[PDB]
Number of protein chains: 2
Amino acid sequence: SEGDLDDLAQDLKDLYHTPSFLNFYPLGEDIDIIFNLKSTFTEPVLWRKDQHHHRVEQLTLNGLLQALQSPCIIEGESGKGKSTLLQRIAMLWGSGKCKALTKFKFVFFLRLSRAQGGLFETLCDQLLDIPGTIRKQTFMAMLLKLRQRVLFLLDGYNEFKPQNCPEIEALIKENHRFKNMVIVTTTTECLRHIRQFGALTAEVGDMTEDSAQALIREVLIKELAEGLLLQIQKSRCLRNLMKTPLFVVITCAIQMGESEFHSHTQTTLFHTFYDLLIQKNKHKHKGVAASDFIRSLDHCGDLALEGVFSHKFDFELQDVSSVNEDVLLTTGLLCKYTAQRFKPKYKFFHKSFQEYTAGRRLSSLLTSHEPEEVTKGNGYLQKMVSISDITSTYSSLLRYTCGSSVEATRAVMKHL
Amino acid sequence: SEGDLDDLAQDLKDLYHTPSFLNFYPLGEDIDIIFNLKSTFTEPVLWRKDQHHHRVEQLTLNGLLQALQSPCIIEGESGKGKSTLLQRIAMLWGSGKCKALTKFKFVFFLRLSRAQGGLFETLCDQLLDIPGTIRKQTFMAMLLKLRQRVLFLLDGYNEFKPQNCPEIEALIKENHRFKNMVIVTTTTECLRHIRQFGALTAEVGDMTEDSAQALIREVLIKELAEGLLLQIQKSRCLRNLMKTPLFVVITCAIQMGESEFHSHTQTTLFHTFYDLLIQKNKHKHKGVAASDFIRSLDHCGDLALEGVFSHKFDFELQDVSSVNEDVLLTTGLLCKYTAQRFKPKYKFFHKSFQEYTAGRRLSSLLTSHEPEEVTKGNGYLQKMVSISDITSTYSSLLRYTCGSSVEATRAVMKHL
């Protein structure tokens with residue numbers, strides 16, 4: 001019973017070249033845009049983390065793969081786009097081009113969030129239907145005897161509920177009972193459930209200038225691609241924003257379908273980003289009252305606005321003081337960091353995002369029909385009385401506030 | 001056993017030459033008109049789609065068949081007449097004339113909308129009754145061992161309810177298990193349920209001048225055929241409309257049964273088409289109240305009319321703002337497009353159809369017994385006060401309005 005093992009290895013190699021594996025939805029299934037893994041994010045950068053949990057050594061794919069350890073934990077950037085890294089590893093093995101992966105007899109790419117019933121059942125139904133020849137639980141014996149010649153690539157750990165498949169939870173933590181190699185991807189918020197068991201950790205970095213331009217050029221009609229690439233080259237700000245995958249994909253998604261180039265000022269870009277963030281997690285916000293959800297978002301809004309005036313970007317628990325923040329963290333407006341820290345820290349996705357949020361909130365206050373809200377809005381606007389702050393500290397805030405409406409602009413321009 | 005496989009191949013070849021397969025109803029079974037696949041639409045053209053969902057490289061049948069990939073998705077133009085393409089493939093194989101198809105041992109033409117109970121059961125009852133000599137589920141083992149020497153042609157995907165036959169849904173999406181070739185035909189509206197899994201995609205194009213004339217000549221008594229061909233040659237408008245199959249077959253259907261040639265002004269042609277759309281799908285409009293169906297049609301009518309005045313043919317969701325629009329999408333008045341775009345768009349079947357729709361609505365308003373509706377009708381008519389618009393922009397609108405009613409004509413002519 002050896003011939004069928006070679007067949008399994010070959011079928012997996014061919015499986016990882018199929019469109020059903022290579023095609024994915026970068027903004028989620030709700031938006032029907034499909035990228036082909038083959039010509040998209042093909043040049044990732046990974047930072048290694050040391051005992052102090054900071055970044056050391058810039059590593060790249062096909063570099064890290066030459067120095068894999070017992071279970072490796074790769075942390076998503078901050079919960080940005082899809083961590084299309086494990087898929088790239090499986091693809092390279094299937095192509096047989098990366099020397100580092102030639103030692104592996106099998107590579108099993110699994111979506112852990114859908115695992116249930118046991119490891120063998122997960123493999124049988126989720127990947128390749130295993131021939132009855134050896135479908136007698138002797139497969140597991142083969143893997144144990146085989147040792148570290150197989151990779152289990154487990155995506156979506158943060159979405160995994162271990163009660164559904166204790167066998168895999170054991171594989172991730174109790175690796176000494178399997179004697180094989182595992183790579184798991186997670187998010188910052190759920191890192192605490194693991195990490196302890198990692199032999200090597202890595203963080204996904206941002207995009208390079210060449211990667212971002214290549215992604216735009218190859219996934220957008222030439223005329224719009226040239227328009228966008230030119231605008232990025234002209235702007236001294238976009239080139240710094242176009243490092244974050246989501247802000248590279250969104251700027252294309254909003255242009256596809258058009259027959260002409262549109263500038264799409266960053267204010268609209270941040271607005272689009274915001275709506276995607278608020279709505280994509282809406283499917284999990286059914287657990288709270290709609291009024292509680294809005295109150296939480298408004299609270300976050302005021303937090304950002306006060307933060308801008310106080311030059312504060314790093315928040316502690318007592319600065320939020322809301323048990324209902326769980327929906328806010330689910331939403332993803334704030335990221336909760338719990339590394340080598342006595343007290344948890346809360347941060348906004350990006351400093352420019354915090355400024356946007358503050359702007360949106362101020363704009364809303366200044367246009368409210370309720371005089372109490374308008375007064376509060378004016379209370380903040382009335383601080384814009386010094387040129388050294390107007391053209392500096394609050395430059396972003398004023399731009400985002402004005403770009404969010406018409407009436408808000410009147411209020412701001414009259415003051416200025 | 002090998003002799004039984006040969007008998008099946010031969011029986012299928014002969015099956016596809018049988019009138020029960022070749023004869024079809026181009027306007028649906030409700031209208032008792034039968035076309036013979038052998039002499040009708042014999043020269044289709046297909047457009048290959050690129051990664052941007054744009055049309056490139058016009059292909060022909062017996063061309064595309066030389067470059068087939070794992071499961072191929074062919075999209076109907078917009079939901080027109082029967083997509084008699086897969087049947088042509090079955091014939092070409094059965095006749096043994098197309099070299100590209102000579103490699104196939106079996107070709108299975110299935111009407112997916114009528115599948116249930118499993119793939120083997122569907123094949124046994126829908127096509128050729130498989131002899132009891134090999135009807136032991138060993139047929140599937142044969143197909144798996146045989147590999148890509150068979151074609152599954154699955155028509156009517158948009159009408160398929162996968163819960164009835166998970167085996168075929170698997171065949172369409174999970175083809176890594178089957179290792180055979182599948183061609184699926186679908187519609188724009190249901191494309192989003194697939195595509196990701198497609199290796200190659202194509203769009204069905206329009207008719208050539210020679211094809212349309214051949215279709216008229218061979219399916220209409222000589223005297224009427226000559227009359228129609230001459231009228232098309234004289235006019236400067238029909239020749240552009242006679243590219244859409246629906247407007248080639250309808251113009252014949254309304255003449256067959258007559259003993260003389262009638263001009264049948266294109267206003268009546270568009271009327272006939274409109275009436276068919278709201279009736280052929282009537283069988284699926286039983287899920288709404290009668291008053292809601294009419295309100296949706298009136299809403300669509302006003303949408304078209306405003307669009308004519310605003311030069312707007314491309315609508316978004318917020319321009320309709322009605323959850324009940326599903327009945328219009330079911331009807332086929334509006335087509336929903338979900339390509340590589342951030343937001344969905346809605347379009348009318350054809351710009352000339354939108355103009356007709358607007359005309360029909362304006363005509364109705366101008367003849368209503370309710371003075372409020374008449375006022376609205378006049379509100380639009382009162383804009384026809386500039387010669388540069390009267391003989392241009394609104395030329396079609398005025399013609400369709402007048403040709404829809406005598407009373408509407410009086411209102412229009414008095415104004416002009």
# chains A, B, ... in the order shown; residues from 1 in each chain; ligands from 1

call {"tool": "residues_around", "arguments": {"residues": "residue 325 in chain A", "least_positions_apart": "3", "cutoff": "12 Å", "atoms": "only C-alpha atoms", "output": "PyMOL selection string"}}
result
chain A and resi 285+288+292-300+317-322+328-336+346

call {"tool": "write_last_selection", "arguments": {"atoms": "C-alpha atoms", "output": "mmCIF file, in the first residue's frame"}}
result
data_model
loop_
_atom_site.group_PDB
_atom_site.id
_atom_site.type_symbol
_atom_site.label_atom_id
_atom_site.label_comp_id
_atom_site.auth_asym_id
_atom_site.auth_seq_id
_atom_site.Cartn_x
_atom_site.Cartn_y
_atom_site.Cartn_z
ATOM 1 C CA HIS A 285 -23.495 42.485 15.876
ATOM 2 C CA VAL A 288 -26.556 43.684 20.806
ATOM 3 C CA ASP A 292 -26.154 49.981 21.965
ATOM 4 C CA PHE A 293 -24.197 49.453 18.788
ATOM 5 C CA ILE A 294 -24.580 53.075 17.754
ATOM 6 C CA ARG A 295 -23.793 54.339 21.244
ATOM 7 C CA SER A 296 -20.566 52.320 21.146
ATOM 8 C CA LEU A 297 -19.598 53.786 17.777
ATOM 9 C CA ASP A 298 -20.384 57.316 18.961
ATOM 10 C CA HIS A 299 -18.306 56.698 22.080
ATOM 11 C CA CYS A 300 -15.371 55.600 19.916
ATOM 12 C CA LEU A 317 -8.933 50.391 29.588
ATOM 13 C CA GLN A 318 -10.022 53.228 31.885
ATOM 14 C CA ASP A 319 -10.064 55.614 28.934
ATOM 15 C CA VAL A 320 -12.862 53.618 27.336
ATOM 16 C CA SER A 321 -14.589 52.354 30.484
ATOM 17 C CA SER A 322 -17.206 50.298 28.663
ATOM 18 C CA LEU A 328 -16.415 47.762 19.237
ATOM 19 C CA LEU A 329 -13.515 45.303 19.237
ATOM 20 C CA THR A 330 -15.636 42.954 17.136
ATOM 21 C CA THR A 331 -16.262 45.866 14.774
ATOM 22 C CA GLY A 332 -12.517 46.395 14.656
ATOM 23 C CA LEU A 333 -12.305 50.140 15.253
ATOM 24 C CA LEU A 334 -9.924 49.526 18.134
ATOM 25 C CA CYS A 335 -7.233 46.874 18.330
ATOM 26 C CA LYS A 336 -6.438 45.328 21.699
ATOM 27 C CA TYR A 346 -5.951 50.024 22.834
#

call {"tool": "residues_around", "arguments": {"residues": "residue 188 in chain B", "least_positions_apart": "5", "cutoff": "10 Å", "atoms": "only C-alpha atoms", "output": "tab-separated table (two decimals) with N, CA, C and O atoms, in the first residue's frame"}}
result
chain	number	residue	atom	x	y	z
B	74	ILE	N	-20.24	29.39	-19.48
B	74	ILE	CA	-20.72	30.22	-20.57
B	74	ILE	C	-21.95	30.99	-20.13
B	74	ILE	O	-22.96	30.41	-19.72
B	75	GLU	N	-21.84	32.31	-20.18
B	75	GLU	CA	-22.89	33.20	-19.71
B	75	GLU	C	-23.79	33.66	-20.84
B	75	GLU	O	-23.32	34.10	-21.89
B	76	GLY	N	-25.10	33.59	-20.61
B	76	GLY	CA	-26.07	34.05	-21.60
B	76	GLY	C	-25.94	35.56	-21.75
B	76	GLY	O	-25.50	36.24	-20.84
B	77	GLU	N	-26.34	36.08	-22.90
B	77	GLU	CA	-26.16	37.51	-23.15
B	77	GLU	C	-26.78	38.39	-22.07
B	77	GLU	O	-26.16	39.35	-21.62
B	78	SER	N	-28.00	38.07	-21.66
B	78	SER	CA	-28.70	38.88	-20.67
B	78	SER	C	-29.99	38.21	-20.21
B	78	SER	O	-30.77	38.80	-19.46
B	79	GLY	N	-30.21	36.99	-20.67
B	79	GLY	CA	-31.45	36.28	-20.35
B	79	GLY	C	-32.45	36.40	-21.50
B	79	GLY	O	-33.56	36.90	-21.33
B	158	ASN	N	-29.00	28.24	-13.65
B	158	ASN	CA	-29.72	29.24	-12.88
B	158	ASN	C	-31.03	28.72	-12.31
B	158	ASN	O	-31.60	29.31	-11.39
B	203	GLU	N	-18.80	34.62	-23.09
B	203	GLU	CA	-20.11	35.23	-23.24
B	203	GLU	C	-20.71	34.94	-24.60
B	203	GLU	O	-20.02	34.99	-25.62
B	335	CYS	N	-31.86	44.01	-15.67
B	335	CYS	CA	-30.83	43.01	-15.45
B	335	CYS	C	-29.82	43.51	-14.43
B	335	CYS	O	-29.33	44.64	-14.54
B	336	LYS	N	-29.54	42.69	-13.43
B	336	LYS	CA	-28.59	43.06	-12.39
B	336	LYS	C	-27.19	42.59	-12.76
B	336	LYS	O	-26.97	41.41	-13.01
B	337	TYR	N	-26.24	43.52	-12.77
B	337	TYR	CA	-24.87	43.21	-13.13
B	337	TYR	C	-23.93	43.25	-11.93
B	337	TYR	O	-23.83	44.26	-11.24
B	338	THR	N	-23.25	42.13	-11.70
B	338	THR	CA	-22.31	42.01	-10.60
B	338	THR	C	-20.97	41.49	-11.09
B	338	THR	O	-20.64	40.32	-10.91
B	339	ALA	N	-20.21	42.36	-11.75
B	339	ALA	CA	-18.91	42.01	-12.29
B	339	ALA	C	-17.84	42.44	-11.30
B	339	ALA	O	-18.12	42.54	-10.11

call {"tool": "interface_residues", "arguments": {"of": "chain B", "to": "chain A", "cutoff": "9 Å", "atoms": "only C-alpha atoms", "output": "PDB file with C-alpha atoms, in the first residue's frame"}}
result
ATOM      1  CA  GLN B  51      -9.335  38.869 -15.836  1.00  0.00           C
ATOM      2  CA  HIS B  52     -11.080  42.256 -15.911  1.00  0.00           C
ATOM      3  CA  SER B  70     -11.515  22.308 -16.517  1.00  0.00           C
ATOM      4  CA  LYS B 173     -17.421  23.165  -8.147  1.00  0.00           C
ATOM      5  CA  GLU B 174     -15.346  20.244  -6.835  1.00  0.00           C
ATOM      6  CA  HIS B 176     -10.668  17.795  -8.551  1.00  0.00           C
ATOM      7  CA  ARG B 177     -12.371  14.605  -7.428  1.00  0.00           C
ATOM      8  CA  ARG B 192     -22.066  35.185  -8.637  1.00  0.00           C
ATOM      9  CA  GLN B 196     -14.695  31.481  -8.899  1.00  0.00           C
ATOM     10  CA  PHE B 197     -14.526  27.831  -9.873  1.00  0.00           C
ATOM     11  CA  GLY B 198     -14.319  28.415 -13.625  1.00  0.00           C
ATOM     12  CA  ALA B 199     -11.139  27.763 -15.583  1.00  0.00           C
ATOM     13  CA  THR B 338     -22.308  42.014 -10.597  1.00  0.00           C
ATOM     14  CA  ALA B 339     -18.906  42.007 -12.292  1.00  0.00           C
ATOM     15  CA  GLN B 340     -15.582  43.114 -10.852  1.00  0.00           C
ATOM     16  CA  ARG B 341     -17.207  46.135  -9.253  1.00  0.00           C
ATOM     17  CA  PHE B 342     -17.567  47.554  -5.754  1.00  0.00           C
ATOM     18  CA  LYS B 343     -21.281  48.231  -6.252  1.00  0.00           C
TER      19      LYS B 343
END

call {"tool": "residues_around", "arguments": {"residues": "residue 394 in chain B", "least_positions_apart": "4", "cutoff": "10 Å", "atoms": "only C-alpha atoms", "output": "short mmCIF file (atom, residue, chain, number, x, y, z; two decimals) with N, CA and C atoms, in the first residue's frame"}}
result
data_model
loop_
_atom_site.label_atom_id
_atom_site.label_comp_id
_atom_site.auth_asym_id
_atom_site.auth_seq_id
_atom_site.Cartn_x
_atom_site.Cartn_y
_atom_site.Cartn_z
N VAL B 308 -34.80 58.72 -19.53
CA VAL B 308 -34.73 59.29 -20.87
C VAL B 308 -34.44 60.79 -20.78
N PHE B 309 -35.16 61.48 -19.90
CA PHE B 309 -34.99 62.92 -19.75
C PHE B 309 -33.63 63.29 -19.17
N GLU B 355 -36.40 53.05 -23.97
CA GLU B 355 -37.15 54.12 -24.61
C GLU B 355 -38.59 53.70 -24.83
N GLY B 359 -41.91 55.35 -23.21
CA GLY B 359 -43.01 55.75 -24.08
C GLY B 359 -44.32 55.17 -23.60
N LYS B 383 -42.06 69.57 -21.72
CA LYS B 383 -40.63 69.81 -21.89
C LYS B 383 -40.24 69.78 -23.37
N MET B 384 -41.15 69.32 -24.22
CA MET B 384 -40.86 69.20 -25.65
C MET B 384 -41.05 70.55 -26.34
N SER B 388 -34.22 71.15 -31.06
CA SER B 388 -33.00 70.36 -30.97
C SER B 388 -33.19 69.09 -30.18
N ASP B 389 -34.24 69.03 -29.37
CA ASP B 389 -34.54 67.84 -28.60
C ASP B 389 -35.67 67.05 -29.25
N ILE B 390 -36.62 67.76 -29.84
CA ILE B 390 -37.81 67.14 -30.42
C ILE B 390 -37.46 66.18 -31.55
N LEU B 398 -41.22 60.07 -28.33
CA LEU B 398 -42.43 60.58 -28.94
C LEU B 398 -43.06 59.54 -29.86
N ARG B 399 -42.22 58.82 -30.60
CA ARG B 399 -42.72 57.81 -31.51
C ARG B 399 -43.37 56.65 -30.78
N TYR B 400 -42.74 56.19 -29.70
CA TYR B 400 -43.31 55.08 -28.95
C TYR B 400 -44.55 55.51 -28.21
#

call {"tool": "atom_distance", "arguments": {"atom1": "CA of residue 1 in chain A", "atom2": "CA of residue 121 in chain A"}}
result
20.5 Å

call {"tool": "select_by_dssp", "arguments": {"residues": "range 130-263 of chain B", "states": "helix (DSSP H, G or I)", "output": "MDAnalysis selection string"}}
result
chainID B and resid 139:146 157:159 162:164 166:173 175:178 191:193 209:218 222:234 238:241 246:253

call {"tool": "residues_around", "arguments": {"residues": "residue 154 in chain B", "least_positions_apart": "5", "cutoff": "7 Å", "atoms": "only C-alpha atoms", "output": "count of residues only"}}
result
7

call {"tool": "atom_distance", "arguments": {"atom1": "CA of residue 397 in chain B", "atom2": "CA of residue 416 in chain B"}}
result
13.3 Å

call {"tool": "atom_distance", "arguments": {"atom1": "CA of residue 306 in chain B", "atom2": "CA of residue 380 in chain B"}}
result
9.1 Å

call {"tool": "residues_around", "arguments": {"residues": "residue 381 in chain B", "least_positions_apart": "5", "cutoff": "10 Å", "atoms": "only C-alpha atoms", "output": "ChimeraX atom specification"}}
result
/B:362,366,375-376,398,411-412,415-416

call {"tool": "write_last_selection", "arguments": {"atoms": "C-alpha atoms", "output": "short mmCIF file (atom, residue, chain, number, x, y, z; two decimals), in the first residue's frame"}}
result
data_model
loop_
_atom_site.label_atom_id
_atom_site.label_comp_id
_atom_site.auth_asym_id
_atom_site.auth_seq_id
_atom_site.Cartn_x
_atom_site.Cartn_y
_atom_site.Cartn_z
CA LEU B 362 -45.91 58.38 -20.79
CA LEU B 366 -51.63 60.99 -20.77
CA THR B 375 -50.87 66.20 -15.03
CA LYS B 376 -47.68 64.19 -14.54
CA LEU B 398 -42.43 60.58 -28.94
CA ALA B 411 -52.03 64.93 -26.71
CA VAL B 412 -48.58 64.84 -28.28
CA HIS B 415 -48.45 70.02 -28.02
CA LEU B 416 -45.97 69.80 -30.89
#

call {"tool": "residues_around", "arguments": {"residues": "residue 104 in chain A", "least_positions_apart": "4", "cutoff": "12 Å", "atoms": "only C-alpha atoms", "output": "PDB file with N, CA, C and O atoms, in the first residue's frame"}}
result
ATOM      1  N   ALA A   9       0.007  12.327  -3.002  1.00  0.00           N
ATOM      2  CA  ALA A   9       0.937  13.446  -3.103  1.00  0.00           C
ATOM      3  C   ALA A   9       0.751  14.155  -4.437  1.00  0.00           C
ATOM      4  O   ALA A   9       0.716  15.396  -4.475  1.00  0.00           O
ATOM      5  N   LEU A  12      -2.619  16.185  -4.592  1.00  0.00           N
ATOM      6  CA  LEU A  12      -2.541  17.432  -3.848  1.00  0.00           C
ATOM      7  C   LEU A  12      -1.749  18.473  -4.631  1.00  0.00           C
ATOM      8  O   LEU A  12      -2.130  19.643  -4.682  1.00  0.00           O
ATOM      9  N   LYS A  13      -0.667  18.048  -5.281  1.00  0.00           N
ATOM     10  CA  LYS A  13       0.115  18.987  -6.071  1.00  0.00           C
ATOM     11  C   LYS A  13      -0.745  19.617  -7.151  1.00  0.00           C
ATOM     12  O   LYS A  13      -0.693  20.829  -7.362  1.00  0.00           O
ATOM     13  N   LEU A  65      11.024  29.600   5.025  1.00  0.00           N
ATOM     14  CA  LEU A  65      10.719  28.198   4.775  1.00  0.00           C
ATOM     15  C   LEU A  65      11.962  27.322   4.885  1.00  0.00           C
ATOM     16  O   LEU A  65      11.861  26.097   4.920  1.00  0.00           O
ATOM     17  N   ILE A  89       2.300  29.281   0.141  1.00  0.00           N
ATOM     18  CA  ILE A  89       3.198  28.185   0.476  1.00  0.00           C
ATOM     19  C   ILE A  89       2.733  26.895  -0.181  1.00  0.00           C
ATOM     20  O   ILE A  89       3.531  26.170  -0.777  1.00  0.00           O
ATOM     21  N   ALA A  90       1.436  26.609  -0.079  1.00  0.00           N
ATOM     22  CA  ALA A  90       0.890  25.406  -0.690  1.00  0.00           C
ATOM     23  C   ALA A  90       1.078  25.434  -2.201  1.00  0.00           C
ATOM     24  O   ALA A  90       1.416  24.417  -2.814  1.00  0.00           O
ATOM     25  N   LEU A  92       3.454  27.032  -3.955  1.00  0.00           N
ATOM     26  CA  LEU A  92       4.857  26.852  -4.313  1.00  0.00           C
ATOM     27  C   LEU A  92       5.264  25.387  -4.232  1.00  0.00           C
ATOM     28  O   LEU A  92       6.014  24.889  -5.079  1.00  0.00           O
ATOM     29  N   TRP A  93       4.757  24.687  -3.223  1.00  0.00           N
ATOM     30  CA  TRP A  93       5.013  23.261  -3.100  1.00  0.00           C
ATOM     31  C   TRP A  93       4.448  22.533  -4.303  1.00  0.00           C
ATOM     32  O   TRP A  93       5.115  21.689  -4.899  1.00  0.00           O
ATOM     33  N   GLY A  94       3.212  22.878  -4.660  1.00  0.00           N
ATOM     34  CA  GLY A  94       2.528  22.275  -5.794  1.00  0.00           C
ATOM     35  C   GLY A  94       3.262  22.528  -7.106  1.00  0.00           C
ATOM     36  O   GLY A  94       3.233  21.692  -8.012  1.00  0.00           O
ATOM     37  N   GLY A  96       6.546  23.009  -7.224  1.00  0.00           N
ATOM     38  CA  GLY A  96       7.825  22.327  -7.070  1.00  0.00           C
ATOM     39  C   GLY A  96       8.987  23.250  -7.407  1.00  0.00           C
ATOM     40  O   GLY A  96      10.026  22.805  -7.891  1.00  0.00           O
ATOM     41  N   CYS A  98      10.079  25.891  -5.146  1.00  0.00           N
ATOM     42  CA  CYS A  98      10.793  26.329  -3.957  1.00  0.00           C
ATOM     43  C   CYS A  98      11.536  25.155  -3.339  1.00  0.00           C
ATOM     44  O   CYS A  98      10.920  24.204  -2.862  1.00  0.00           O
ATOM     45  N   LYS A  99      12.866  25.220  -3.357  1.00  0.00           N
ATOM     46  CA  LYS A  99      13.688  24.103  -2.907  1.00  0.00           C
ATOM     47  C   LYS A  99      13.409  23.742  -1.455  1.00  0.00           C
ATOM     48  O   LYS A  99      13.473  22.575  -1.067  1.00  0.00           O
ATOM     49  N   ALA A 100      13.068  24.746  -0.658  1.00  0.00           N
ATOM     50  CA  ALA A 100      12.840  24.568   0.767  1.00  0.00           C
ATOM     51  C   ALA A 100      11.686  23.621   1.046  1.00  0.00           C
ATOM     52  O   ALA A 100      11.596  23.047   2.131  1.00  0.00           O
ATOM     53  N   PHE A 108      -0.942  19.907   3.667  1.00  0.00           N
ATOM     54  CA  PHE A 108      -2.384  19.931   3.851  1.00  0.00           C
ATOM     55  C   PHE A 108      -2.873  21.332   4.193  1.00  0.00           C
ATOM     56  O   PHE A 108      -2.714  21.789   5.325  1.00  0.00           O
ATOM     57  N   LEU A 143       1.379   8.806   9.004  1.00  0.00           N
ATOM     58  CA  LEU A 143       1.860  10.146   9.309  1.00  0.00           C
ATOM     59  C   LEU A 143       2.786  10.161  10.521  1.00  0.00           C
ATOM     60  O   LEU A 143       3.777  10.893  10.538  1.00  0.00           O
ATOM     61  N   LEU A 146       6.054   8.652   9.470  1.00  0.00           N
ATOM     62  CA  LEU A 146       6.653   9.562   8.506  1.00  0.00           C
ATOM     63  C   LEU A 146       7.386  10.719   9.188  1.00  0.00           C
ATOM     64  O   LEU A 146       8.429  11.167   8.710  1.00  0.00           O
ATOM     65  N   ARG A 147       6.838  11.188  10.306  1.00  0.00           N
ATOM     66  CA  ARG A 147       7.414  12.270  11.109  1.00  0.00           C
ATOM     67  C   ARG A 147       7.339  13.616  10.394  1.00  0.00           C
ATOM     68  O   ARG A 147       6.329  13.944   9.772  1.00  0.00           O
ATOM     69  N   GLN A 148       8.397  14.421  10.503  1.00  0.00           N
ATOM     70  CA  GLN A 148       8.342  15.800  10.036  1.00  0.00           C
ATOM     71  C   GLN A 148       8.594  15.929   8.546  1.00  0.00           C
ATOM     72  O   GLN A 148       9.518  16.620   8.116  1.00  0.00           O
ATOM     73  N   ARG A 149       7.741  15.288   7.764  1.00  0.00           N
ATOM     74  CA  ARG A 149       7.815  15.370   6.320  1.00  0.00           C
ATOM     75  C   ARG A 149       6.497  15.892   5.787  1.00  0.00           C
ATOM     76  O   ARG A 149       6.229  15.824   4.584  1.00  0.00           O
ATOM     77  N   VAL A 150       5.661  16.388   6.692  1.00  0.00           N
ATOM     78  CA  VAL A 150       4.380  16.940   6.299  1.00  0.00           C
ATOM     79  C   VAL A 150       4.119  18.274   6.970  1.00  0.00           C
ATOM     80  O   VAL A 150       4.522  18.500   8.113  1.00  0.00           O
ATOM     81  N   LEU A 151       3.399  19.134   6.266  1.00  0.00           N
ATOM     82  CA  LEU A 151       2.993  20.416   6.817  1.00  0.00           C
ATOM     83  C   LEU A 151       1.497  20.525   6.956  1.00  0.00           C
ATOM     84  O   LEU A 151       0.752  20.295   6.004  1.00  0.00           O
ATOM     85  N   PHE A 152       1.065  20.969   8.114  1.00  0.00           N
ATOM     86  CA  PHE A 152      -0.329  21.322   8.288  1.00  0.00           C
ATOM     87  C   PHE A 152      -0.435  22.830   8.325  1.00  0.00           C
ATOM     88  O   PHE A 152       0.078  23.477   9.237  1.00  0.00           O
ATOM     89  N   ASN A 180       5.099  16.232  13.802  1.00  0.00           N
ATOM     90  CA  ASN A 180       5.077  16.780  12.454  1.00  0.00           C
ATOM     91  C   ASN A 180       5.120  18.305  12.506  1.00  0.00           C
ATOM     92  O   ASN A 180       5.307  18.885  13.575  1.00  0.00           O
ATOM     93  N   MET A 181       5.015  18.966  11.359  1.00  0.00           N
ATOM     94  CA  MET A 181       5.177  20.411  11.353  1.00  0.00           C
ATOM     95  C   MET A 181       3.878  21.152  11.081  1.00  0.00           C
ATOM     96  O   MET A 181       3.089  20.759  10.221  1.00  0.00           O
TER      97      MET A 181
END

call {"tool": "select_by_dssp", "arguments": {"residues": "range 72-301 of chain A", "states": "strand (DSSP E or B)", "output": "PyMOL selection string"}}
result
chain A and resi 72-75+106-111+150-155+181-186+200-204

call {"tool": "closest_residue", "arguments": {"among": "B:374, B:159, B:364, B:216", "to": "residue 406 in chain B", "atoms": "only C-alpha atoms"}}
result
B:364

call {"tool": "closest_residue", "arguments": {"among": "B:119, B:61, B:73, B:358", "to": "residue 101 in chain B", "atoms": "only C-alpha atoms"}}
result
B:61

call {"tool": "closest_residue", "arguments": {"among": "A:153, A:172, A:182, A:5", "to": "residue 68 in chain A", "atoms": "only C-alpha atoms"}}
result
A:182

call {"tool": "closest_residue", "arguments": {"among": "A:132, A:161, A:204, A:139", "to": "residue 55 in chain A", "atoms": "only C-alpha atoms"}}
result
A:204
